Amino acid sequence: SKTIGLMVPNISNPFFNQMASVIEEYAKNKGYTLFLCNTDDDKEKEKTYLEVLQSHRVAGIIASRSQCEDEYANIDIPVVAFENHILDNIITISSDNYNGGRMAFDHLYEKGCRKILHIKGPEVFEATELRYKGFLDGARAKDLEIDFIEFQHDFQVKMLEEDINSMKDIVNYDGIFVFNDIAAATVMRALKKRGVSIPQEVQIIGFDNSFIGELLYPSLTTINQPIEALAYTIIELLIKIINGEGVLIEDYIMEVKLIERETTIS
């Protein structure tokens, strides 16, 4: 087989469809095509696709935001993981989510925010947990108390029909850090429906630098994940495993950077 299976939480999140496009490019450079498999952050869908990919004898699997552990132990096909650690013998590639969360706090604080909310991601996403921890560590360094709201899912179309309890109070914050750009878009939509002015009344920073942050208005200040470097790295390492080349099985963490746009003041 010259096909690699890429498991995607959902390509409805712009970040994952862009990642899938760029991984496909790097795979093509190495002579591979891709099958994309939608796992929807569901352990049983992931298990099913692992079985289906194995039965189809793909050359390798890229496992994004995995919720398994067990299931991977016997599979005899090369695997690399994006974000979530699976087993100690599978390489995990990620952005520097801890430091990105610190950068997000430092940016809001530098822009004068003192009443701060972090809309954090589901606990099962190692990446969002690290963003939360970096943000909180930043607040602790400034002796600032922060409020949290924890979403239980990444973006789903149903989110557009869901309310936040006490949405009327959100405008009272100086700044809000939202765990990713697509979730930030939903938060800004809710604020706009209530007539809230951004950034005049509240400042917003997201995470990813996915296309949704530039597509909408005002454009979203965010933390860049380096999709090209992530995709390059994932494919380079998977091909080493496929080829039986030596590589230390350890974390590969790519640098992030602040992208200042119109939802924070300057």
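Don't overthink the numbering: it's just position in the shown sequence, from 1.
As recorded in the PDB entry, 169 to 177 is the stretch of 169 to 177 and 91 to 99 with the greater mean C-alpha temperature factor. Between 126 to 134 and 187 to 195, it is 187 to 195 that carries the larger average Cα temperature factor according to the deposited entry. Taking the deposited Cα B-factors for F155, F105, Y72, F82, the highest one is held by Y72. Between the residues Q54, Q203, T48, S210, it is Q54 that shows the highest Cα B-factor in the PDB record. Split the chain's modelled residues into thirds by C-alpha temperature factor. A139 is in the middle one. In this PDB entry, the Cα temperature factor of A63 sits in the bottom third of its chain's modelled residues, the lowest group. Annotation for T222: CA B-factor lies in the lowest third of the chain's modelled residues. When the modelled residues of the chain are ordered by C-alpha B-factor, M7 sits in the middle third. The deposited CA B-factor of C113 belongs to the middle third of values across its chain.
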